[PDB]
Amino acid sequence: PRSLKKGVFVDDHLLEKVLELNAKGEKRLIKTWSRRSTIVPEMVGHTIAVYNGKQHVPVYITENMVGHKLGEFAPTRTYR
Amino acid sequence: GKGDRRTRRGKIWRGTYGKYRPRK
Amino acid sequence: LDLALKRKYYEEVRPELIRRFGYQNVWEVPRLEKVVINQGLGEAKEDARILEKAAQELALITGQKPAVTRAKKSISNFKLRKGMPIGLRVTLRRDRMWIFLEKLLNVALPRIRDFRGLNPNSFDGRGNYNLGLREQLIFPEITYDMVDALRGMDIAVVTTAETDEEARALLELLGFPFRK
Amino acid sequence: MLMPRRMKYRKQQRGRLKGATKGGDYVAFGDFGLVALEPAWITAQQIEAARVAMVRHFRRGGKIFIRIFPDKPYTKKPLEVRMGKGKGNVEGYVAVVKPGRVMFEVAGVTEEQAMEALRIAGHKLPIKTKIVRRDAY
Amino acid sequence: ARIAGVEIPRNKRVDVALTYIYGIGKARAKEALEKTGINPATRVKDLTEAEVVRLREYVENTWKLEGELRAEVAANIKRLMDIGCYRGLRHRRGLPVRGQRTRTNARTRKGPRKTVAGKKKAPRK
RNA sequence: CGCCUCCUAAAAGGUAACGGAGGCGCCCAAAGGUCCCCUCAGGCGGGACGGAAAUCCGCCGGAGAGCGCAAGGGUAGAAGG
RNA sequence: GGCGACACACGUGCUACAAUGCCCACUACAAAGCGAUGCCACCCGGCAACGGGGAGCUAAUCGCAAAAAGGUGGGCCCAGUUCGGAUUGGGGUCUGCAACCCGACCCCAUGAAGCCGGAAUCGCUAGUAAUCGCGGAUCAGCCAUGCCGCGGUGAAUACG
RNA sequence: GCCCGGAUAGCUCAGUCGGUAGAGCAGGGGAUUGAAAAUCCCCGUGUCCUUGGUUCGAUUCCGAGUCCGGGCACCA
RNA sequence: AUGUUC
């Protein structure tokens with residue numbers, strides 16, 4: 001259903017980031033503090049961090065994740 | 001069914017207008 | 001009869017083959033060989049009679065009465081004590097296998113359990129091919145027919161087919177698509 | 001560790017007696033050959049008692065060819081007079097042995113380890129040996 | 001009788017066999033009768049052969065489904081474990097790829113149960 | 001403790017010892033007279049319910065199949081199906 | 001990230017065990033509420049949700065609201081079924097700036113289960129049981145099937 | 001070490017003639033009780049000594065030994 | 001008519 005037409009949701013800084021890469025070049029990979037935002041193409045492969053509330057859980061971002069978001073590929077919570 | 005939709009025995013114990021509650 | 005395959009291959013397949021490949025002798029080209037029909041289940045003396053129930057419909061269904069193969073012994077048997085029959089069989093080369101199939105093919109086929117695909121890969125490597133099954137009414141002259149009945153079956157085929165090269169050749173020849 | 005046995009998968013019946021086949025064996029498949037002396041039926045034991053010392057006396061390692069096989073264990077009725085059965089069964093297996101018959105062929109180590117190899121191997125037993133050469137390969 | 005891969009339905013009125021199929025969204029049905037009108041009040045048995053046919057290929061050709069329903073089945077789930085989705089460790093672990101509760105009911109992917117034990121002297125409530 | 005196949009047994013035939021490894025004291029009306037008929041085990045693969053093994057066809061492969069029940073010989077110009 | 005962790009044991013609520021169960025065009029009737037920056041008439045796009053848009057009352061004329069449980073005609077033939085919801089995929093939605101963990105839905109497809117549960121342990125002597133519903137608080141928007149509150153129906157039975 | 005007889009699940013033991021394996025207990029858990037013991041309820045954990053045979057089939061016909069019990073070893 | 005514990 002993917003609701004919220006446009007304007008959906010993203011931050012500010014993070015963008016200043018991608019654009020850099022999609023400007024000066026792909027350069028080096030990166031990292032992140034918290035979480036909560038949708039996915040796009042211009043950024044994929046270009047993996048980075050995703051410090052899950054407990055310990056770092058970054059995703060070598062890809063395309064399977066077409067236009068989904070971070071919700072599904074944001075692993076955490078004990079087990080085994 | 002009781003816990004089932006697309007009728008009224010559900011739309012009642014749930015709260016859901018939809019194409020199943022307008023008028024004209 | 002004097003319809004499809006007839007003035008088909010025998011006036012059309014040939015005039016194609018021609019340049020559509022470099023052939024030599026006639027009785028040594030993508031000719032033909034035989035039409036094989038066979039079946040098996042797993043049950044034996046369930047009463048010994050049910051067994052003849054199949055015996056009833058089946059064979060005549062095609063339009064031919066074949067030879068039998070039932071029983072072996074009241075032994076343990078690894079894959080069931082069953083008396084140990086097997087099934088039955090028979091074959092043909094006459095127009096019974098002419099118009100007979102014209103129908104079962106262009107008709108029974110596509111009303112398949114999932115159209116938009118054909119198995120031209122269950123091939124061997126020569127005029128040897130094989131495709132199992134598990135239908136019944138799908139037949140043209142036998143649509144529905146014997147609900148009280150019900151069972152599985154299977155088929156085999158033979159041609160010169162140096163390999164499935166002559167096999168698949170017949171494939172697109174008059175249908176028999178590629179599973180994709 | 002390593003306490004098993006070794007003998008034709010299972011049995012192979014239990015019966016035989018002897019000869020002398022005044023020796024045998026051909027060229028070789030390996031290098032510095034080990035040539036026999038004495039004609040007899042041999043023991044799993046004597047075998048092991050040899051490659052041993054050699055091997056560790058072959059620190060970094062060793063290696064040699066092992067031509068032959070097991071054939072018949074034996075009898076030897078433990079006590080009293082003598083009648084039936086076949087004691088001495090799962091007791092001791094013998095390999096077919098011909099006078100001077102070949103037995104082994106070293107490598108990797110030259111007449112430093114290989115010399116003694118044979119000069120200690122033989123010693124391990126009553127009979128002795130010599131080296132390889134050519135003959136045919 | 002084959003409006004698609006073997007359409008066994010036969011022995012009643014349209015308003016009898018119908019959607020008891022698998023991939024069945026009663027919508028297009030009121031379309032066979034909407035866009036056109038191949039009504040419901042016709043006993044399958046006599047379901048006018050004219051209706052019969054036009055209905056057959058009606059949704060036999062072009063209309064992908066049934067078998068293709070299975071298609072996505074994999075894509076969704078399978079595509080998730082070939083990748084890196086958490087819901088992915090769900091379907092792939094007998095876990096109901098729905099995302100709801102915890103320790104309260106499984107009967108979604110796997111099912112039933114196998115027990116172990118409890119702290120020596122472990123009560124009930 | 002009577003007999004059945006091979007070993008021992010030293011190539012005619014025989015050959016012994018509380019020496020090794022196996023057997024029978026039944027069964028058959030059809031497992032029997034008689035005439036036209038196959039092939040095998042099986043390796044390959046093609047191929048619903050078929051993981052060896054459901055089953056079937058083409059290749060090869062002559063007996064290792066196999067022929068009341070032990071072993072042995074004979075044997076597909078089969079006794080043998 | 002996290003108490004909305006998972007292999008299994010007790011409870012207490014909502015439903016299938018469906019053919020007095022089935023659905024609809026339509027058509028009939030309670031109390032308690034609760035309305036302010038509040039209940040939104042009503043035309044409609046929309047099959048719909050939503051939303052647009054706009055009056056009342058400026059407040060018991062203006063809102064929730066229509067009804068529900070019925071009537072009826074019109075339509076299945078105990079099949080584990082015009083049964084059933086797990087469930088599984090998505091398409092829009094919507095307060096919250098924003099709902100992956102977990103949001104509440106308009107709408108498309110899915111058929112676990114299961115013919116009433118061992119041994120048991122549960123209310124209640126009159127509207128009594130049982131039943132179909134509507135409004136209270138809380139939360140900004142919520143899975144509150146909560147407990148709160150009110151009724152259009154409405155049986156048994158008790159030697160002792 | 002002679003022979004006869006002897007190795008089922010946790011273990012106390014069945015299984016006349018082979019082809020859908022038990023009970024007694026056992027323990028598991030629900031239903032108890034204030035709690036607990038006596039229950040009522042329902043189940044599944046065995047390669048029936050490895051290994052080697054017939055038969056299509058072996059827990060039951062066949063050997064091997066690790067072991068298990070009975071009898072076993074006297075004038076001399 | 002038969003029934004044990006803290």
# chains A, B, ... in the order shown; residues from 1 in each chain; ligands from 1

call {"tool": "residues_around", "arguments": {"residues": "region 31-41 of chain A", "least_positions_apart": "5", "cutoff": "7 Å", "atoms": "only C-alpha atoms (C1' of nucleotides)", "output": "count of residues only"}}
result
10

call {"tool": "residues_around", "arguments": {"residues": "region 38-53 of chain H", "least_positions_apart": "5", "cutoff": "7 Å", "atoms": "only C-alpha atoms (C1' of nucleotides)", "output": "MDAnalysis selection string"}}
result
(chainID G and resid 118:119) or (chainID H and resid 7:9 59 62)

call {"tool": "write_last_selection", "arguments": {"atoms": "N, CA, C and O atoms (P, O5', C5', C4', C3', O3' and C1' of nucleotides)", "output": "PDB file, in the first residue's frame"}}
result
ATOM      1  P     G G 118     -14.506 -33.927  28.263  1.00  0.00           P
ATOM      2  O5'   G G 118     -13.832 -35.163  29.030  1.00  0.00           O
ATOM      3  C5'   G G 118     -13.540 -36.375  28.300  1.00  0.00           C
ATOM      4  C4'   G G 118     -12.266 -37.024  28.799  1.00  0.00           C
ATOM      5  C3'   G G 118     -12.129 -36.920  30.302  1.00  0.00           C
ATOM      6  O3'   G G 118     -12.693 -38.084  30.862  1.00  0.00           O
ATOM      7  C1'   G G 118     -10.166 -36.120  29.267  1.00  0.00           C
ATOM      8  P     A G 119     -14.010 -37.898  31.749  1.00  0.00           P
ATOM      9  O5'   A G 119     -13.379 -37.715  33.216  1.00  0.00           O
ATOM     10  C5'   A G 119     -12.204 -38.423  33.572  1.00  0.00           C
ATOM     11  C4'   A G 119     -11.264 -37.553  34.386  1.00  0.00           C
ATOM     12  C3'   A G 119     -11.906 -36.486  35.253  1.00  0.00           C
ATOM     13  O3'   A G 119     -12.539 -37.062  36.434  1.00  0.00           O
ATOM     14  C1'   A G 119      -9.951 -35.614  34.210  1.00  0.00           C
TER      15        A G 119
ATOM     16  P     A H   7      18.405 -63.558  26.874  1.00  0.00           P
ATOM     17  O5'   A H   7      19.265 -62.297  27.369  1.00  0.00           O
ATOM     18  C5'   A H   7      19.508 -61.186  26.475  1.00  0.00           C
ATOM     19  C4'   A H   7      20.263 -60.052  27.176  1.00  0.00           C
ATOM     20  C3'   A H   7      20.266 -58.734  26.393  1.00  0.00           C
ATOM     21  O3'   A H   7      19.577 -57.636  27.045  1.00  0.00           O
ATOM     22  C1'   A H   7      22.478 -59.719  26.420  1.00  0.00           C
ATOM     23  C1'   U H   8      14.036 -55.586  24.739  1.00  0.00           C
ATOM     24  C3'   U H   8      15.656 -54.033  25.744  1.00  0.00           C
ATOM     25  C4'   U H   8      16.352 -55.210  25.083  1.00  0.00           C
ATOM     26  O3'   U H   8      16.113 -52.794  25.248  1.00  0.00           O
ATOM     27  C5'   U H   8      17.003 -55.902  26.251  1.00  0.00           C
ATOM     28  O5'   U H   8      17.254 -57.263  26.055  1.00  0.00           O
ATOM     29  P     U H   8      18.018 -57.857  27.390  1.00  0.00           P
ATOM     30  P     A H   9      16.120 -51.538  26.259  1.00  0.00           P
ATOM     31  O5'   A H   9      14.902 -50.668  25.649  1.00  0.00           O
ATOM     32  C5'   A H   9      15.120 -49.724  24.554  1.00  0.00           C
ATOM     33  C4'   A H   9      14.672 -48.344  25.006  1.00  0.00           C
ATOM     34  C3'   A H   9      15.126 -48.077  26.439  1.00  0.00           C
ATOM     35  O3'   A H   9      15.841 -46.834  26.630  1.00  0.00           O
ATOM     36  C1'   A H   9      12.736 -48.420  26.329  1.00  0.00           C
ATOM     37  P     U H  59      13.880 -57.708  12.651  1.00  0.00           P
ATOM     38  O5'   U H  59      14.164 -57.891  14.232  1.00  0.00           O
ATOM     39  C5'   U H  59      15.496 -58.124  14.774  1.00  0.00           C
ATOM     40  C4'   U H  59      15.401 -59.025  15.990  1.00  0.00           C
ATOM     41  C3'   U H  59      15.106 -60.481  15.662  1.00  0.00           C
ATOM     42  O3'   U H  59      16.294 -61.231  15.423  1.00  0.00           O
ATOM     43  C1'   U H  59      13.424 -59.741  17.088  1.00  0.00           C
ATOM     44  P     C H  62      19.167 -71.907  14.759  1.00  0.00           P
ATOM     45  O5'   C H  62      20.061 -71.350  13.542  1.00  0.00           O
ATOM     46  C5'   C H  62      20.276 -72.161  12.374  1.00  0.00           C
ATOM     47  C4'   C H  62      21.435 -71.630  11.556  1.00  0.00           C
ATOM     48  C3'   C H  62      22.660 -71.257  12.370  1.00  0.00           C
ATOM     49  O3'   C H  62      23.473 -72.379  12.601  1.00  0.00           O
ATOM     50  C1'   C H  62      22.179 -69.515  10.860  1.00  0.00           C
TER      51        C H  62
END

call {"tool": "interface_residues", "arguments": {"of": "chain F", "to": "chain D", "cutoff": "12 Å", "atoms": "only C-alpha atoms (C1' of nucleotides)", "output": "MDAnalysis selection string"}}
result
chainID F and resid 7:8 17:22

call {"tool": "write_last_selection", "arguments": {"atoms": "N, CA, C and O atoms (P, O5', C5', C4', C3', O3' and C1' of nucleotides)", "output": "PDB file, in the first residue's frame"}}
result
ATOM      1  P     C F   7      37.045 -81.473  -4.815  1.00  0.00           P
ATOM      2  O5'   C F   7      37.511 -80.608  -3.550  1.00  0.00           O
ATOM      3  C5'   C F   7      38.066 -79.284  -3.737  1.00  0.00           C
ATOM      4  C4'   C F   7      38.853 -78.837  -2.513  1.00  0.00           C
ATOM      5  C3'   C F   7      40.004 -79.736  -2.091  1.00  0.00           C
ATOM      6  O3'   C F   7      41.152 -79.519  -2.934  1.00  0.00           O
ATOM      7  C1'   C F   7      38.786 -79.050  -0.175  1.00  0.00           C
ATOM      8  P     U F   8      42.166 -80.736  -3.317  1.00  0.00           P
ATOM      9  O5'   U F   8      42.700 -81.234  -1.891  1.00  0.00           O
ATOM     10  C5'   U F   8      43.485 -80.349  -1.094  1.00  0.00           C
ATOM     11  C4'   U F   8      43.553 -80.865   0.319  1.00  0.00           C
ATOM     12  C3'   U F   8      44.204 -82.228   0.442  1.00  0.00           C
ATOM     13  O3'   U F   8      45.619 -82.095   0.471  1.00  0.00           O
ATOM     14  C1'   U F   8      42.214 -82.164   1.739  1.00  0.00           C
ATOM     15  P     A F  17      39.185 -92.093   8.183  1.00  0.00           P
ATOM     16  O5'   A F  17      40.440 -91.281   8.751  1.00  0.00           O
ATOM     17  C5'   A F  17      41.069 -91.755   9.945  1.00  0.00           C
ATOM     18  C4'   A F  17      41.743 -90.620  10.695  1.00  0.00           C
ATOM     19  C3'   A F  17      40.846 -89.521  11.281  1.00  0.00           C
ATOM     20  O3'   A F  17      40.323 -89.885  12.581  1.00  0.00           O
ATOM     21  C1'   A F  17      42.663 -88.556  10.137  1.00  0.00           C
ATOM     22  P     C F  18      38.758 -89.789  12.929  1.00  0.00           P
ATOM     23  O5'   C F  18      38.584 -88.309  13.502  1.00  0.00           O
ATOM     24  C5'   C F  18      37.750 -88.078  14.640  1.00  0.00           C
ATOM     25  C4'   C F  18      37.651 -86.595  14.921  1.00  0.00           C
ATOM     26  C3'   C F  18      38.955 -86.024  15.441  1.00  0.00           C
ATOM     27  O3'   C F  18      39.265 -84.747  14.908  1.00  0.00           O
ATOM     28  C1'   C F  18      37.304 -86.002  17.175  1.00  0.00           C
ATOM     29  P     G F  19      40.801 -84.297  14.742  1.00  0.00           P
ATOM     30  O5'   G F  19      40.843 -83.581  13.300  1.00  0.00           O
ATOM     31  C5'   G F  19      39.828 -82.666  12.854  1.00  0.00           C
ATOM     32  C4'   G F  19      40.431 -81.687  11.863  1.00  0.00           C
ATOM     33  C3'   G F  19      39.470 -80.734  11.182  1.00  0.00           C
ATOM     34  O3'   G F  19      39.202 -79.623  11.980  1.00  0.00           O
ATOM     35  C1'   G F  19      40.844 -81.685   9.531  1.00  0.00           C
ATOM     36  P     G F  20      37.989 -78.650  11.577  1.00  0.00           P
ATOM     37  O5'   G F  20      38.496 -77.957  10.211  1.00  0.00           O
ATOM     38  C5'   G F  20      39.023 -76.627  10.204  1.00  0.00           C
ATOM     39  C4'   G F  20      38.537 -75.877   8.974  1.00  0.00           C
ATOM     40  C3'   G F  20      37.039 -75.616   8.905  1.00  0.00           C
ATOM     41  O3'   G F  20      36.664 -74.456   9.586  1.00  0.00           O
ATOM     42  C1'   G F  20      37.773 -76.416   6.817  1.00  0.00           C
ATOM     43  P     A F  21      35.105 -74.033   9.609  1.00  0.00           P
ATOM     44  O5'   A F  21      34.626 -74.119   8.089  1.00  0.00           O
ATOM     45  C5'   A F  21      34.520 -72.936   7.328  1.00  0.00           C
ATOM     46  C4'   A F  21      33.493 -73.097   6.239  1.00  0.00           C
ATOM     47  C3'   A F  21      32.105 -73.535   6.663  1.00  0.00           C
ATOM     48  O3'   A F  21      31.351 -72.470   7.269  1.00  0.00           O
ATOM     49  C1'   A F  21      32.726 -74.658   4.710  1.00  0.00           C
ATOM     50  P     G F  22      29.779 -72.663   7.669  1.00  0.00           P
ATOM     51  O5'   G F  22      29.325 -73.981   6.851  1.00  0.00           O
ATOM     52  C5'   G F  22      27.960 -74.348   6.701  1.00  0.00           C
ATOM     53  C4'   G F  22      27.632 -74.391   5.226  1.00  0.00           C
ATOM     54  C3'   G F  22      26.362 -75.136   4.823  1.00  0.00           C
ATOM     55  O3'   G F  22      25.162 -74.343   4.910  1.00  0.00           O
ATOM     56  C1'   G F  22      28.153 -75.973   3.568  1.00  0.00           C
TER      57        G F  22
END

call {"tool": "closest_residue", "arguments": {"among": "H:65, H:37, H:29, H:76", "to": "chain E", "atoms": "only C-alpha atoms (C1' of nucleotides)"}}
result
H:29

call {"tool": "residues_around", "arguments": {"residues": "region 54-67 of chain E", "least_positions_apart": "4", "cutoff": "7 Å", "atoms": "only C-alpha atoms (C1' of nucleotides)", "output": "ChimeraX atom specification"}}
result
/C:114 /E:2-4,22-23,50,71

call {"tool": "write_last_selection", "arguments": {"atoms": "N, CA and C atoms", "output": "mmCIF file, in the first residue's frame"}}
result
data_model
loop_
_atom_site.group_PDB
_atom_site.id
_atom_site.type_symbol
_atom_site.label_atom_id
_atom_site.label_comp_id
_atom_site.auth_asym_id
_atom_site.auth_seq_id
_atom_site.Cartn_x
_atom_site.Cartn_y
_atom_site.Cartn_z
ATOM 1 N N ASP C 114 -1.771 -25.656 -16.018
ATOM 2 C CA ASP C 114 -0.804 -24.564 -16.123
ATOM 3 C C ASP C 114 -0.180 -24.424 -17.532
ATOM 4 N N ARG E 2 -12.522 -26.015 -19.813
ATOM 5 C CA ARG E 2 -11.205 -25.508 -19.407
ATOM 6 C C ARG E 2 -10.986 -24.026 -19.691
ATOM 7 N N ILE E 3 -11.452 -23.183 -18.771
ATOM 8 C CA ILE E 3 -11.267 -21.737 -18.855
ATOM 9 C C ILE E 3 -9.864 -21.430 -18.344
ATOM 10 N N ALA E 4 -9.162 -22.488 -17.939
ATOM 11 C CA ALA E 4 -7.766 -22.415 -17.493
ATOM 12 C C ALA E 4 -7.272 -23.817 -17.175
ATOM 13 N N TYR E 22 -8.840 -21.539 -6.359
ATOM 14 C CA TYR E 22 -7.725 -21.027 -5.570
ATOM 15 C C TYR E 22 -7.592 -19.519 -5.747
ATOM 16 N N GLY E 23 -6.777 -19.078 -6.711
ATOM 17 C CA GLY E 23 -6.663 -17.649 -6.970
ATOM 18 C C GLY E 23 -8.010 -17.083 -7.408
ATOM 19 N N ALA E 50 -22.097 -20.917 -25.592
ATOM 20 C CA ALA E 50 -21.660 -19.599 -26.020
ATOM 21 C C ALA E 50 -20.986 -18.913 -24.831
ATOM 22 N N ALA E 71 4.228 -18.031 -8.010
ATOM 23 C CA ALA E 71 5.414 -17.280 -8.472
ATOM 24 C C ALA E 71 5.939 -16.325 -7.434
#

call {"tool": "residues_around", "arguments": {"residues": "residue 18 (chain H)", "least_positions_apart": "5", "cutoff": "12 Å", "atoms": "only C-alpha atoms (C1' of nucleotides)", "output": "PDB file with N, CA and C atoms (P, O5', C5', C4', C3', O3' and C1' of nucleotides), in the first residue's frame"}}
result
ATOM      1  N   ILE C  75       3.991 -61.537  -1.113  1.00  0.00           N
ATOM      2  CA  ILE C  75       5.289 -61.336  -0.447  1.00  0.00           C
ATOM      3  C   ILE C  75       5.420 -59.939   0.171  1.00  0.00           C
ATOM      4  N   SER C  76       6.340 -59.794   1.132  1.00  0.00           N
ATOM      5  CA  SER C  76       6.588 -58.508   1.793  1.00  0.00           C
ATOM      6  C   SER C  76       6.801 -57.413   0.774  1.00  0.00           C
TER       7      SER C  76
ATOM      8  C1'   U H  55      14.165 -65.050   2.219  1.00  0.00           C
ATOM      9  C3'   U H  55      15.105 -64.966   0.012  1.00  0.00           C
ATOM     10  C4'   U H  55      15.215 -66.317   0.660  1.00  0.00           C
ATOM     11  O3'   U H  55      14.404 -65.059  -1.201  1.00  0.00           O
ATOM     12  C5'   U H  55      16.528 -66.954   0.302  1.00  0.00           C
ATOM     13  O5'   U H  55      16.482 -68.320   0.683  1.00  0.00           O
ATOM     14  P     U H  55      17.839 -69.081   0.324  1.00  0.00           P
ATOM     15  P     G H  57      15.805 -59.586   1.056  1.00  0.00           P
ATOM     16  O5'   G H  57      14.836 -59.445   2.353  1.00  0.00           O
ATOM     17  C5'   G H  57      13.747 -58.471   2.367  1.00  0.00           C
ATOM     18  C4'   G H  57      12.775 -58.702   3.525  1.00  0.00           C
ATOM     19  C3'   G H  57      13.355 -59.246   4.826  1.00  0.00           C
ATOM     20  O3'   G H  57      13.937 -58.155   5.559  1.00  0.00           O
ATOM     21  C1'   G H  57      11.158 -60.140   4.372  1.00  0.00           C
ATOM     22  P     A H  58      15.217 -58.382   6.509  1.00  0.00           P
ATOM     23  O5'   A H  58      14.651 -59.245   7.743  1.00  0.00           O
ATOM     24  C5'   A H  58      13.478 -58.829   8.502  1.00  0.00           C
ATOM     25  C4'   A H  58      13.495 -59.388   9.929  1.00  0.00           C
ATOM     26  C3'   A H  58      14.864 -59.231  10.601  1.00  0.00           C
ATOM     27  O3'   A H  58      14.900 -58.814  12.011  1.00  0.00           O
ATOM     28  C1'   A H  58      14.398 -61.542  10.246  1.00  0.00           C
ATOM     29  P     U H  59      13.880 -57.708  12.651  1.00  0.00           P
ATOM     30  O5'   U H  59      14.164 -57.891  14.232  1.00  0.00           O
ATOM     31  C5'   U H  59      15.496 -58.124  14.774  1.00  0.00           C
ATOM     32  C4'   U H  59      15.401 -59.025  15.990  1.00  0.00           C
ATOM     33  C3'   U H  59      15.106 -60.481  15.662  1.00  0.00           C
ATOM     34  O3'   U H  59      16.294 -61.231  15.423  1.00  0.00           O
ATOM     35  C1'   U H  59      13.424 -59.741  17.088  1.00  0.00           C
ATOM     36  P     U H  60      16.260 -62.460  14.371  1.00  0.00           P
ATOM     37  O5'   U H  60      15.087 -63.446  14.896  1.00  0.00           O
ATOM     38  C5'   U H  60      15.332 -64.323  16.042  1.00  0.00           C
ATOM     39  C4'   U H  60      14.140 -65.257  16.382  1.00  0.00           C
ATOM     40  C3'   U H  60      13.855 -66.475  15.492  1.00  0.00           C
ATOM     41  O3'   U H  60      14.795 -67.519  15.777  1.00  0.00           O
ATOM     42  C1'   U H  60      11.815 -65.496  16.257  1.00  0.00           C
ATOM     43  P     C H  61      14.293 -69.043  15.887  1.00  0.00           P
ATOM     44  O5'   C H  61      15.012 -69.743  14.634  1.00  0.00           O
ATOM     45  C5'   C H  61      14.755 -71.120  14.338  1.00  0.00           C
ATOM     46  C4'   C H  61      15.601 -71.591  13.174  1.00  0.00           C
ATOM     47  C3'   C H  61      17.093 -71.306  13.305  1.00  0.00           C
ATOM     48  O3'   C H  61      17.781 -72.301  14.048  1.00  0.00           O
ATOM     49  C1'   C H  61      16.361 -70.502  11.250  1.00  0.00           C
TER      50        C H  61
END

call {"tool": "interface_residues", "arguments": {"of": "chain G", "to": "chain A", "cutoff": "10 Å", "atoms": "only C-alpha atoms (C1' of nucleotides)", "output": "VMD selection string"}}
result
chain G and resid 1 to 2 5 to 6 90 to 94 97 to 98 100 to 101

call {"tool": "write_last_selection", "arguments": {"atoms": "C-alpha atoms (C1' of nucleotides)", "output": "PDB file, in the first residue's frame"}}
result
ATOM      1  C1'   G G   1      18.661  -1.982  20.966  1.00  0.00           C
ATOM      2  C1'   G G   2      15.415  -3.008  25.003  1.00  0.00           C
ATOM      3  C1'   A G   5      12.521 -11.349  23.761  1.00  0.00           C
ATOM      4  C1'   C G   6      11.442 -18.143  22.367  1.00  0.00           C
ATOM      5  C1'   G G  90      -0.308  -5.737  -2.322  1.00  0.00           C
ATOM      6  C1'   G G  91      -2.602  -1.708  -3.716  1.00  0.00           C
ATOM      7  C1'   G G  92      -4.393   3.734  -1.549  1.00  0.00           C
ATOM      8  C1'   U G  93      -5.461   5.477   3.033  1.00  0.00           C
ATOM      9  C1'   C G  94      -5.114   8.311   7.856  1.00  0.00           C
ATOM     10  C1'   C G  97       6.286  16.481  10.922  1.00  0.00           C
ATOM     11  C1'   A G  98       6.855  11.026  10.424  1.00  0.00           C
ATOM     12  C1'   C G 100      10.208  -1.496  10.120  1.00  0.00           C
ATOM     13  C1'   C G 101      10.398  -3.583  15.147  1.00  0.00           C
TER      14        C G 101
END

call {"tool": "residues_around", "arguments": {"residues": "region 41-53 of chain C", "least_positions_apart": "3", "cutoff": "6 Å", "atoms": "only C-alpha atoms (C1' of nucleotides)", "output": "VMD selection string"}}
result
chain C and resid 56 82 to 83

call {"tool": "select_by_dssp", "arguments": {"residues": "chain E", "states": "helix (DSSP H, G or I)", "output": "ChimeraX atom specification"}}
result
/E:14-17,27-36,44-46,49-60,67-81,88-91

call {"tool": "residues_around", "arguments": {"residues": "region 151-162 of chain C", "least_positions_apart": "2", "cutoff": "6 Å", "atoms": "only C-alpha atoms (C1' of nucleotides)", "output": "PyMOL selection string"}}
result
chain C and resi 32-39+126-134+164+166-167

call {"tool": "select_by_dssp", "arguments": {"residues": "region 30-168 of chain C", "states": "strand (DSSP E or B)", "output": "number ranges by chain"}}
result
C: 34-40, 67-69, 87-92, 123-126, 128-133, 153-158

call {"tool": "write_last_selection", "arguments": {"atoms": "C-alpha atoms", "output": "JSON list (two decimals), in the first residue's frame"}}
result
[["chain", "number", "residue", "atom", "x", "y", "z"],
["C", 34, "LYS", "CA", 7.24, -45.82, -32.74],
["C", 35, "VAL", "CA", 4.57, -44.54, -30.29],
["C", 36, "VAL", "CA", 4.93, -46.07, -26.73],
["C", 37, "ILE", "CA", 2.17, -46.15, -24.03],
["C", 38, "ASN", "CA", 2.67, -47.45, -20.45],
["C", 39, "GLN", "CA", 1.29, -47.21, -16.85],
["C", 40, "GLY", "CA", 1.89, -48.22, -13.20],
["C", 67, "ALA", "CA", -2.05, -56.76, -22.88],
["C", 68, "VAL", "CA", -1.99, -57.08, -19.08],
["C", 69, "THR", "CA", 0.56, -57.37, -16.19],
["C", 87, "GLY", "CA", 0.32, -51.94, -14.83],
["C", 88, "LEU", "CA", -0.34, -52.56, -18.54],
["C", 89, "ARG", "CA", 0.73, -51.52, -22.06],
["C", 90, "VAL", "CA", 0.42, -51.38, -25.89],
["C", 91, "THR", "CA", 1.70, -49.40, -28.86],
["C", 92, "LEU", "CA", 0.84, -48.13, -32.32],
["C", 123, "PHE", "CA", 15.09, -35.23, -23.38],
["C", 124, "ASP", "CA", 17.65, -38.06, -23.42],
["C", 125, "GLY", "CA", 20.24, -37.63, -26.18],
["C", 126, "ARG", "CA", 18.74, -39.43, -29.19],
["C", 128, "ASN", "CA", 14.61, -41.42, -26.76],
["C", 129, "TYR", "CA", 12.39, -39.18, -24.62],
["C", 130, "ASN", "CA", 10.25, -39.35, -21.51],
["C", 131, "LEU", "CA", 7.45, -37.45, -19.74],
["C", 132, "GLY", "CA", 5.47, -38.79, -16.72],
["C", 133, "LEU", "CA", 1.96, -37.55, -15.78],
["C", 153, "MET", "CA", -0.08, -42.70, -15.58],
["C", 154, "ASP", "CA", 3.01, -42.15, -17.91],
["C", 155, "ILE", "CA", 4.45, -42.03, -21.48],
["C", 156, "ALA", "CA", 7.52, -42.79, -23.67],
["C", 157, "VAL", "CA", 8.60, -41.92, -27.27],
["C", 158, "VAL", "CA", 10.91, -43.19, -30.09]]

call {"tool": "atom_distance", "arguments": {"atom1": "CA of residue 82 (chain E)", "atom2": "CA of residue 70 (chain E)"}}
result
17.5 Å

call {"tool": "residues_around", "arguments": {"residues": "region 25-28 of chain H", "least_positions_apart": "4", "cutoff": "9 Å", "atoms": "only C-alpha atoms (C1' of nucleotides)", "output": "MDAnalysis selection string"}}
result
(chainID E and resid 117) or (chainID H and resid 10:12 43)
